[PDB]
Every structure is written in structure tokens, then in C-alpha cells.
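Text of the file my_file24.csv, holding CSV, N, CA and C atoms:
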chain,number,residue,atom,x,y,z
O,1,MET,N,0.9,-1.2,0.0
O,1,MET,CA,0.0,0.0,0.0
O,1,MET,C,0.9,1.2,0.0
O,2,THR,N,1.7,1.4,-1.0
O,2,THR,CA,2.6,2.5,-1.1
O,2,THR,C,2.3,3.3,-2.4
O,3,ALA,N,3.4,3.8,-3.1
O,3,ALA,CA,3.2,4.5,-4.3
O,3,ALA,C,3.2,3.6,-5.5
O,4,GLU,N,3.0,4.2,-6.7
O,4,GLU,CA,3.0,3.5,-7.9
O,4,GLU,C,4.3,3.6,-8.7
O,5,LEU,N,4.7,2.7,-9.5
O,5,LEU,CA,5.9,2.7,-10.3
O,5,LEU,C,5.7,2.3,-11.7
O,6,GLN,N,6.7,2.4,-12.5
O,6,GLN,CA,6.6,2.1,-13.9
O,6,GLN,C,5.3,2.5,-14.5
O,7,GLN,N,5.3,3.6,-15.2
O,7,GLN,CA,4.0,4.1,-15.8
O,7,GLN,C,3.7,3.4,-17.1
O,8,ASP,N,4.6,2.6,-17.5
O,8,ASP,CA,4.4,1.8,-18.7
O,8,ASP,C,3.6,0.6,-18.5
O,9,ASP,N,3.5,0.2,-17.2
O,9,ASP,CA,2.7,-1.0,-16.8
O,9,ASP,C,1.2,-0.7,-17.1
O,10,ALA,N,0.9,0.6,-17.3
O,10,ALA,CA,-0.5,1.0,-17.6
O,10,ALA,C,-1.5,0.1,-16.7
O,11,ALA,N,-2.7,0.2,-17.1
O,11,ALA,CA,-3.8,-0.5,-16.3
O,11,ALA,C,-4.7,-1.2,-17.3
O,12,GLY,N,-5.1,-0.5,-18.4
O,12,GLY,CA,-5.9,-1.1,-19.4
O,12,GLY,C,-5.8,-0.4,-20.7
O,13,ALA,N,-6.7,-0.8,-21.7
O,13,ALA,CA,-6.6,-0.2,-23.0
O,13,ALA,C,-6.7,1.3,-22.9
O,14,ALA,N,-6.4,2.0,-24.0
O,14,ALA,CA,-6.4,3.5,-24.0
O,14,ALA,C,-6.5,4.0,-25.5
O,15,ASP,N,-7.6,3.6,-26.2
O,15,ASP,CA,-7.8,4.0,-27.5
O,15,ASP,C,-9.1,4.7,-27.7
O,16,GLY,N,-9.6,4.8,-29.0
O,16,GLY,CA,-10.8,5.5,-29.3
O,16,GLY,C,-10.7,6.8,-29.9
O,17,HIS,N,-9.5,7.0,-30.5
O,17,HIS,CA,-9.2,8.3,-31.2
O,17,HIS,C,-9.7,8.3,-32.7
O,18,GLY,N,-9.7,7.1,-33.2
O,18,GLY,CA,-10.1,6.9,-34.6
O,18,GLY,C,-9.9,8.2,-35.4
O,19,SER,N,-8.7,8.4,-35.8
O,19,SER,CA,-8.3,9.5,-36.6
O,19,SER,C,-9.2,10.7,-36.3
O,20,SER,N,-8.9,11.4,-35.2
O,20,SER,CA,-9.7,12.6,-34.8
O,20,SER,C,-9.2,13.1,-33.4
O,21,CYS,N,-8.0,13.7,-33.4
O,21,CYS,CA,-7.4,14.3,-32.2
O,21,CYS,C,-8.1,15.6,-31.9
O,22,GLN,N,-7.7,16.1,-30.7
O,22,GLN,CA,-8.3,17.4,-30.3
O,22,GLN,C,-7.6,18.6,-30.9
O,23,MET,N,-6.4,18.3,-31.5
O,23,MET,CA,-5.6,19.4,-32.2
O,23,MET,C,-6.4,19.9,-33.4
O,24,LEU,N,-7.1,19.1,-34.0
O,24,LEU,CA,-7.9,19.5,-35.2
O,24,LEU,C,-8.9,20.6,-34.8
O,25,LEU,N,-9.8,20.3,-34.0
O,25,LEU,CA,-10.9,21.3,-33.6
O,25,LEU,C,-10.3,22.3,-32.7
O,26,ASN,N,-9.3,21.9,-31.9
O,26,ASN,CA,-8.7,22.9,-30.9
O,26,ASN,C,-8.1,24.0,-31.7
O,27,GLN,N,-7.2,23.7,-32.6
O,27,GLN,CA,-6.5,24.7,-33.5
O,27,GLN,C,-7.6,25.5,-34.2
O,28,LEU,N,-8.5,24.7,-34.9
O,28,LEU,CA,-9.6,25.4,-35.6
O,28,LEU,C,-10.2,26.4,-34.8
O,29,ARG,N,-10.6,26.0,-33.6
O,29,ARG,CA,-11.3,27.0,-32.6
O,29,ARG,C,-10.3,28.1,-32.2
O,30,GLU,N,-9.0,27.9,-32.4
O,30,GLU,CA,-8.1,28.9,-32.0
O,30,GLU,C,-7.8,29.8,-33.2
O,31,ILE,N,-8.2,29.4,-34.4
O,31,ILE,CA,-8.0,30.2,-35.6
O,31,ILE,C,-9.3,31.0,-35.9
O,32,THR,N,-10.4,30.3,-36.0
O,32,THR,CA,-11.7,30.9,-36.3
O,32,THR,C,-12.4,31.3,-35.1
O,33,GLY,N,-12.3,30.5,-34.0
O,33,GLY,CA,-13.0,30.9,-32.8
O,33,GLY,C,-14.5,30.5,-32.9
O,34,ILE,N,-14.8,29.4,-33.6
O,34,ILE,CA,-16.2,29.0,-33.8
O,34,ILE,C,-16.6,28.0,-32.7
O,35,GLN,N,-17.9,28.0,-32.4
O,35,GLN,CA,-18.5,27.2,-31.3
O,35,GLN,C,-19.4,26.1,-31.9
O,36,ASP,N,-19.2,25.8,-33.2
O,36,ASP,CA,-20.1,24.8,-33.9
O,36,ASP,C,-19.3,23.7,-34.4
O,37,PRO,N,-18.8,22.8,-33.5
O,37,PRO,CA,-18.0,21.6,-33.9
O,37,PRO,C,-18.5,21.0,-35.2
O,38,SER,N,-19.7,21.2,-35.6
O,38,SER,CA,-20.3,20.7,-36.8
O,38,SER,C,-19.8,21.5,-38.0
O,39,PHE,N,-19.8,22.8,-37.9
O,39,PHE,CA,-19.3,23.7,-39.0
O,39,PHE,C,-17.8,23.6,-39.1
O,40,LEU,N,-17.2,23.3,-37.9
O,40,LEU,CA,-15.8,23.2,-37.8
O,40,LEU,C,-15.4,21.9,-38.5
O,41,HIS,N,-16.0,20.8,-38.1
O,41,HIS,CA,-15.7,19.5,-38.7
O,41,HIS,C,-16.0,19.6,-40.1
O,42,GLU,N,-16.9,20.5,-40.5
O,42,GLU,CA,-17.3,20.6,-41.9
O,42,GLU,C,-16.1,21.1,-42.7
O,43,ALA,N,-15.5,22.2,-42.2
O,43,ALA,CA,-14.3,22.7,-42.8
O,43,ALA,C,-13.2,21.7,-42.9
O,44,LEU,N,-13.0,21.0,-41.8
O,44,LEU,CA,-11.9,19.9,-41.8
O,44,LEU,C,-12.3,18.8,-42.9
O,45,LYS,N,-13.6,18.6,-43.0
O,45,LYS,CA,-14.0,17.6,-44.0
O,45,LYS,C,-13.9,18.0,-45.4
O,46,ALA,N,-14.0,19.3,-45.6
O,46,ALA,CA,-13.8,19.9,-47.0
O,46,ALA,C,-12.4,20.1,-47.4
O,47,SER,N,-11.5,20.3,-46.4
O,47,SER,CA,-10.1,20.6,-46.6
O,47,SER,C,-9.4,19.3,-46.7
O,48,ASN,N,-10.1,18.1,-46.6
O,48,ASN,CA,-9.4,16.8,-46.7
O,48,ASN,C,-8.6,16.6,-45.5
O,49,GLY,N,-8.9,17.3,-44.4
O,49,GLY,CA,-8.1,17.1,-43.1
O,49,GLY,C,-7.1,18.2,-42.9
O,50,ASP,N,-7.0,19.2,-43.9
O,50,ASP,CA,-6.1,20.3,-43.8
O,50,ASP,C,-6.7,21.4,-42.9
O,51,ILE,N,-6.0,21.9,-42.0
O,51,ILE,CA,-6.5,23.0,-41.1
O,51,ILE,C,-6.4,24.3,-41.8
O,52,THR,N,-5.2,24.7,-42.3
O,52,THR,CA,-5.1,26.0,-43.0
O,52,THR,C,-6.1,26.2,-44.0
O,53,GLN,N,-6.3,25.2,-44.9
O,53,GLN,CA,-7.3,25.4,-46.0
O,53,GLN,C,-8.6,25.5,-45.4
O,54,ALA,N,-9.0,24.5,-44.6
O,54,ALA,CA,-10.3,24.5,-43.9
O,54,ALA,C,-10.6,25.9,-43.4
O,55,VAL,N,-9.6,26.4,-42.6
O,55,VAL,CA,-9.7,27.7,-42.0
O,55,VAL,C,-10.1,28.6,-43.1
O,56,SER,N,-9.3,28.6,-44.2
O,56,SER,CA,-9.6,29.5,-45.4
O,56,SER,C,-11.1,29.3,-45.8
O,57,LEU,N,-11.5,28.1,-46.0
O,57,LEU,CA,-12.9,27.8,-46.3
O,57,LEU,C,-13.9,28.6,-45.4
O,58,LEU,N,-13.5,28.6,-44.2
O,58,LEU,CA,-14.4,29.3,-43.2
O,58,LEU,C,-14.3,30.8,-43.2
O,59,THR,N,-13.1,31.3,-43.0
O,59,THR,CA,-12.9,32.7,-43.0
O,59,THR,C,-13.4,33.3,-44.2
O,60,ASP,N,-13.5,32.5,-45.3
O,60,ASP,CA,-14.0,32.9,-46.5
O,60,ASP,C,-15.5,32.5,-46.6
O,61,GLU,N,-16.3,33.2,-45.8
O,61,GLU,CA,-17.7,32.8,-45.7
O,61,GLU,C,-17.9,31.6,-44.8
O,62,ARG,N,-18.1,31.9,-43.6
O,62,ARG,CA,-18.3,30.8,-42.6
O,62,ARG,C,-19.8,30.7,-42.1
O,63,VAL,N,-20.2,31.7,-41.3
O,63,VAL,CA,-21.5,31.7,-40.8
O,63,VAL,C,-22.3,32.8,-41.5
O,64,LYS,N,-22.6,33.9,-40.8
O,64,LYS,CA,-23.3,35.0,-41.4
O,64,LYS,C,-24.8,34.5,-41.7
O,65,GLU,N,-25.2,34.7,-43.0
O,65,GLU,CA,-26.5,34.2,-43.4
O,65,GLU,C,-26.8,34.6,-44.8
O,66,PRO,N,-26.3,33.8,-45.7
O,66,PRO,CA,-26.5,34.0,-47.2
O,66,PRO,C,-27.9,33.5,-47.6
O,67,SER,N,-27.9,32.3,-48.3
O,67,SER,CA,-29.1,31.7,-48.8
O,67,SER,C,-30.3,32.7,-48.6
O,68,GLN,N,-30.9,32.6,-47.4
O,68,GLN,CA,-32.1,33.5,-47.1
O,68,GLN,C,-31.8,34.9,-47.6
O,69,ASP,N,-32.7,35.8,-47.4
O,69,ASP,CA,-32.6,37.2,-47.8
O,69,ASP,C,-31.9,38.0,-46.7
O,70,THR,N,-32.4,37.9,-45.5
O,70,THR,CA,-31.8,38.6,-44.4
O,70,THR,C,-31.1,39.9,-44.8
O,71,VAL,N,-30.2,40.4,-44.0
O,71,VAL,CA,-29.5,41.7,-44.3
O,71,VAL,C,-30.4,42.6,-45.2
O,72,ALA,N,-29.7,43.4,-46.0
O,72,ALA,CA,-30.3,44.3,-46.9
O,72,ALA,C,-29.9,43.9,-48.3
O,73,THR,N,-28.8,43.3,-48.4
O,73,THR,CA,-28.2,42.8,-49.7
O,73,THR,C,-29.3,41.9,-50.4
O,74,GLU,N,-28.8,41.3,-51.5
O,74,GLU,CA,-29.7,40.4,-52.3
O,74,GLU,C,-29.5,39.0,-52.0
O,75,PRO,N,-30.5,38.1,-52.1
O,75,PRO,CA,-30.4,36.7,-51.8
O,75,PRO,C,-29.6,36.0,-52.9
O,76,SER,N,-29.0,34.8,-52.6
O,76,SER,CA,-28.3,34.0,-53.5
O,76,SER,C,-28.6,32.6,-53.4
O,77,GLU,N,-29.7,32.1,-54.0
O,77,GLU,CA,-30.0,30.7,-53.9
O,77,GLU,C,-29.8,30.0,-55.2
O,78,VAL,N,-29.3,30.7,-56.2
O,78,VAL,CA,-29.1,30.2,-57.5
O,78,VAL,C,-27.7,30.6,-58.0
O,79,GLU,N,-27.7,31.2,-59.2
O,79,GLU,CA,-26.4,31.7,-59.8
O,79,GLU,C,-25.4,32.0,-58.7
O,80,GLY,N,-24.1,31.8,-59.0
O,80,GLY,CA,-23.1,32.1,-58.0
O,80,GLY,C,-21.7,31.5,-58.5
O,81,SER,N,-21.8,30.8,-59.6
O,81,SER,CA,-20.6,30.2,-60.2
O,81,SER,C,-19.9,31.1,-61.2
O,82,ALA,N,-19.0,30.6,-61.9
O,82,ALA,CA,-18.3,31.3,-63.0
O,82,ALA,C,-19.3,32.2,-63.7
O,83,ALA,N,-18.7,33.1,-64.6
O,83,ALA,CA,-19.6,34.0,-65.4
O,83,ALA,C,-18.7,34.8,-66.3
O,84,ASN,N,-19.1,36.0,-66.5
O,84,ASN,CA,-18.4,37.0,-67.4
O,84,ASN,C,-17.1,37.3,-66.8
O,85,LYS,N,-16.8,36.8,-65.6
O,85,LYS,CA,-15.6,37.1,-64.9
O,85,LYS,C,-14.4,36.3,-65.6
O,86,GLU,N,-14.3,35.0,-65.2
O,86,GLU,CA,-13.3,34.2,-65.8
O,86,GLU,C,-12.9,34.6,-67.2
O,87,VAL,N,-13.9,35.2,-67.9
O,87,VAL,CA,-13.7,35.7,-69.2
O,87,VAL,C,-14.8,36.7,-69.6
O,88,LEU,N,-14.3,37.9,-70.1
O,88,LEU,CA,-15.2,38.9,-70.5
O,88,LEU,C,-15.6,38.8,-72.0
O,89,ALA,N,-14.6,38.2,-72.7
O,89,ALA,CA,-14.8,37.9,-74.1
O,89,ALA,C,-15.4,39.2,-74.8
O,90,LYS,N,-15.8,39.0,-76.1
O,90,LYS,CA,-16.4,40.1,-76.9
O,90,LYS,C,-17.9,39.9,-77.0
O,91,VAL,N,-18.5,40.5,-78.0
O,91,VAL,CA,-19.9,40.3,-78.2
O,91,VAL,C,-20.7,41.0,-77.1
O,92,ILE,N,-20.1,41.9,-76.4
O,92,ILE,CA,-20.7,42.6,-75.3
O,92,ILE,C,-22.2,42.9,-75.7
O,93,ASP,N,-23.1,42.6,-74.7
O,93,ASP,CA,-24.5,42.8,-74.9
O,93,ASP,C,-25.3,42.6,-73.6
O,94,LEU,N,-25.8,43.7,-73.1
O,94,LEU,CA,-26.5,43.7,-71.9
O,94,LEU,C,-27.9,44.4,-72.0
O,95,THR,N,-27.8,45.6,-72.5
O,95,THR,CA,-29.0,46.4,-72.7
O,95,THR,C,-29.8,45.9,-74.0
O,96,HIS,N,-30.7,46.8,-74.5
O,96,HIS,CA,-31.4,46.4,-75.7
O,96,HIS,C,-32.1,45.1,-75.4
O,97,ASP,N,-31.9,44.2,-76.4
O,97,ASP,CA,-32.6,42.8,-76.2
O,97,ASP,C,-31.6,41.9,-75.6
O,98,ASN,N,-31.7,41.7,-74.3
O,98,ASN,CA,-30.8,40.7,-73.6
O,98,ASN,C,-31.6,39.5,-73.2
O,99,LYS,N,-30.9,38.4,-73.1
O,99,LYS,CA,-31.5,37.1,-72.7
O,99,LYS,C,-32.9,36.9,-73.3
O,100,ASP,N,-33.2,37.8,-74.2
O,100,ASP,CA,-34.5,37.7,-74.9
O,100,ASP,C,-34.8,36.2,-75.3
O,101,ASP,N,-33.8,35.4,-75.3
O,101,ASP,CA,-34.0,34.0,-75.7
O,101,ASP,C,-35.0,33.3,-74.7
O,102,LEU,N,-34.6,33.3,-73.4
O,102,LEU,CA,-35.4,32.7,-72.4
O,102,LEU,C,-36.5,33.7,-71.9
O,103,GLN,N,-36.2,34.9,-72.0
O,103,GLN,CA,-37.2,35.9,-71.5
O,103,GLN,C,-38.4,35.9,-72.5
O,104,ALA,N,-38.1,35.7,-73.7
O,104,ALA,CA,-39.1,35.7,-74.7
O,104,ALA,C,-39.8,34.4,-74.8
O,105,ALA,N,-39.0,33.3,-74.8
O,105,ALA,CA,-39.6,31.9,-74.7
O,105,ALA,C,-40.4,31.8,-73.4
O,106,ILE,N,-39.8,32.3,-72.4
O,106,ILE,CA,-40.4,32.2,-71.0
O,106,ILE,C,-41.7,33.1,-71.0
O,107,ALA,N,-41.6,34.3,-71.6
O,107,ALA,CA,-42.7,35.2,-71.6
O,107,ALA,C,-43.9,34.7,-72.4
O,108,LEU,N,-43.5,34.2,-73.6
O,108,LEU,CA,-44.5,33.7,-74.5
O,108,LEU,C,-45.2,32.5,-73.9
O,109,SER,N,-44.5,31.6,-73.2
O,109,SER,CA,-45.0,30.5,-72.6
O,109,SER,C,-45.6,30.7,-71.2
O,110,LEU,N,-45.1,31.8,-70.6
O,110,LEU,CA,-45.5,32.2,-69.3
O,110,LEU,C,-46.8,33.0,-69.4
O,111,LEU,N,-47.0,33.6,-70.5
O,111,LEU,CA,-48.2,34.4,-70.7
O,111,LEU,C,-49.4,33.5,-71.0
O,112,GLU,N,-49.1,32.2,-71.3
O,112,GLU,CA,-50.2,31.2,-71.6
O,112,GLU,C,-50.3,30.2,-70.4
O,113,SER,N,-49.3,30.1,-69.6
O,113,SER,CA,-49.3,29.2,-68.5
O,113,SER,C,-49.4,30.0,-67.2
O,114,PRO,N,-49.6,29.3,-66.1
O,114,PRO,CA,-49.7,29.9,-64.7
O,114,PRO,C,-48.6,30.9,-64.5
O,115,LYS,N,-47.9,30.7,-63.3
O,115,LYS,CA,-46.8,31.6,-62.9
O,115,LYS,C,-45.6,30.8,-62.7
O,116,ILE,N,-45.3,30.4,-61.5
O,116,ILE,CA,-44.2,29.6,-61.1
O,116,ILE,C,-44.2,28.2,-61.8
O,117,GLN,N,-43.0,27.7,-62.2
O,117,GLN,CA,-42.9,26.4,-62.9
O,117,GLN,C,-41.9,25.6,-62.2
O,118,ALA,N,-41.2,26.1,-61.2
O,118,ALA,CA,-40.1,25.4,-60.5
O,118,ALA,C,-39.3,24.6,-61.5
O,119,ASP,N,-38.9,23.4,-61.1
O,119,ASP,CA,-38.1,22.5,-62.0
O,119,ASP,C,-39.0,22.0,-63.2
O,120,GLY,N,-40.2,21.6,-62.9
O,120,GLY,CA,-41.1,21.1,-63.9
O,120,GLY,C,-40.4,19.9,-64.6
Re-express the file's structure as C-alpha cells.
Amino acid sequence: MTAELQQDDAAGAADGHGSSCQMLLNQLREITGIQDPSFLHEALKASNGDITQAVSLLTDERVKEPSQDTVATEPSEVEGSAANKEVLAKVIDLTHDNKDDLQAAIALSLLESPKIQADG
């Protein structure tokens, strides 16, 4: 009934980390300061396990509130990918008759049909 010796003797098993140390979320929480292990683990899941990138993914639009309208800005539930950016190209055309293709086809068919058509 004295003190203990040899700490290598251990007592029993000591696993259950299954690729997922506290350094991942710890650091993450130290970089971003987020309290949503879910959105955090999301970043780690998107960065393929990389913290720096993940971080990037988050600091680059993490929480806030897009989708919905909120704020004063405009909502973004659709378009949001490449566009005239990656390339401005020529054939400039915005004013006058623009997108008249779908606007016209849509209008001609929208004028005869109900309103919303969703995916259809």
C-alpha cells in the first residue's frame, strides 16, 4: 500500500481516437473561434483534413446568413458560379434585347401558362 511505479505498466486499453485528435478542432477553434463543432468539422471535412485550408474555407464565408434574404443585400439561392468574370470575351450585350431567348420563350409560354414552374 505505497506509491506506484513504472508508468508503462499501464492499467488497461487506451484508444478510441479513430483519426480525430483534439488538435484539429482545438486549433480550428483557435483560428476561427467557432463554437459549432459541426461547421468546424465541416471545414476539416472539406479541406481533406487540412487545417489551414479549412480555415480558409471558413474565414471565406463561414456563418453570417446567405441563402435566405436577411440583411439588406440580395439573396443568392441560384447563380453564383463562374460567369463573365473568368472571361469577358467580346460580343458585349446587356441592354437592348438581352437574354431575350429565355425571356421571350419564357414570356410567350409564361403568358399562356400559370406563374411559377419550378423545375417542372
For CA of residue 37 in chain O and CA of residue 25 in chain O, the interatomic separation in Å (one decimal) = 7.1 Å
What gap, in Å, lies between CA of residue 78 in chain O and atom N of residue 33 in chain O?
->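 These atoms are spaced 28.9 Å apart.
Using only N, CA and C atoms, the shortest contact distance between residue 56 in chain O and any of O:43, O:118, O:13, O:94 is found at O:43.
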What residues in range 66-114 of chain O get the DSSP label helix (DSSP H, G or I)? Please answer as a VMD selection string.
-> chain O and resid 100 to 110
Distance criterion (all atoms listed in the file): nearest to residue 54 in chain O out of O:8, O:28, O:74, O:107 |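 For residue 54 in chain O, the nearest of the given residues is O:28.
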